[PDB]
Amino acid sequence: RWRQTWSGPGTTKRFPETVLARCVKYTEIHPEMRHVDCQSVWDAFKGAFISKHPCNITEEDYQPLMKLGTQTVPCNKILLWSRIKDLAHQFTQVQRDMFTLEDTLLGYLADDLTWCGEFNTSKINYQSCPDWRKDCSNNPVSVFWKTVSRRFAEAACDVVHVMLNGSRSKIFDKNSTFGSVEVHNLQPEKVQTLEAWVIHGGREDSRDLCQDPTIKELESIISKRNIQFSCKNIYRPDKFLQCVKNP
């Protein structure tokens, strides 16, 4: 009876039923993951935020889920992406030997969902959840993503690719999961190169977007961490998939 109203949307209706179904479907499509017990999964997921104040979630709260969700992703086939969701995923849907975070079990379970609980209650708060900006950054959803993202990045090796959106005011935005957590967690010991793919999209007349001020900045950040940088313009997205789809 002490529920505060938050500024963000409440938990996605049917969140529990959705996570379970997604876990079931996932293990169905990935036989290599059949060893996973989806009820345990949901339990560990739920345990990270239920009965807890939605502004004091920590990485450790998700550790049990992280363990039950351990998954071996060929480290040299990782595709990071920033604000270009749809194309990043149409890509791994074709080039199935490449993987984005949302292609892993955990990423698949939480994709496009919102959730939060309430202190000293077993109820899922469907009324409202903390908005990271207006309420607090350490809410169930944000903490979850920065945690799984950081782990995904840390596991990368060799050549890591990042899909970026050329149509954006800031093709490379420091203020984004990519720029604030993934790029700073790629290991120099494992990763030698970070290759960006800037996707063109009508923003302007065709030109070299790999010379963009934000891209130069990305290269600065990356180079500083002793990792080589490479950038490639993907001028015709439609022609891109097509050539990946029918080589």
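Heads up: residue numbers just count along the shown sequence, starting at 1.
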Open item on the list: Regarding 57-65 and 199-207, which shows the higher C-alpha temperature factor on average in the entry?
Closed with: 199-207
Task: 104-112 or 148-156, whichever carries the higher mean Cα B-factor - done: 148-156
Open item on the list: For the CA B factor values reported in this entry, which option in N120, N76, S82, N138 has the top one?
Closed with: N120
- [ ] Give the position of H30 by CA B-factor within its chain, expressed as the lowest, middle or highest third.
- [x] lowest
Task: Third of the chain's Cα B-factor distribution that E182 belongs to, per the entry - done: lowest
- [ ] Would you mind checking where the Cα B-factor of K224 ranks among the modelled residues of its chain, as the lowest, middle or highest third?
- [x] highest
Open item on the list: Can you tell me whether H89 has a C-alpha B-factor in the lowest, middle or highest third compared with the other modelled residues of the same chain?
Closed with: middle
Open item on the list: Is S142 in the lowest, middle or highest third of its chain when residues are ranked by C-alpha B-factor?
Closed with: lowest
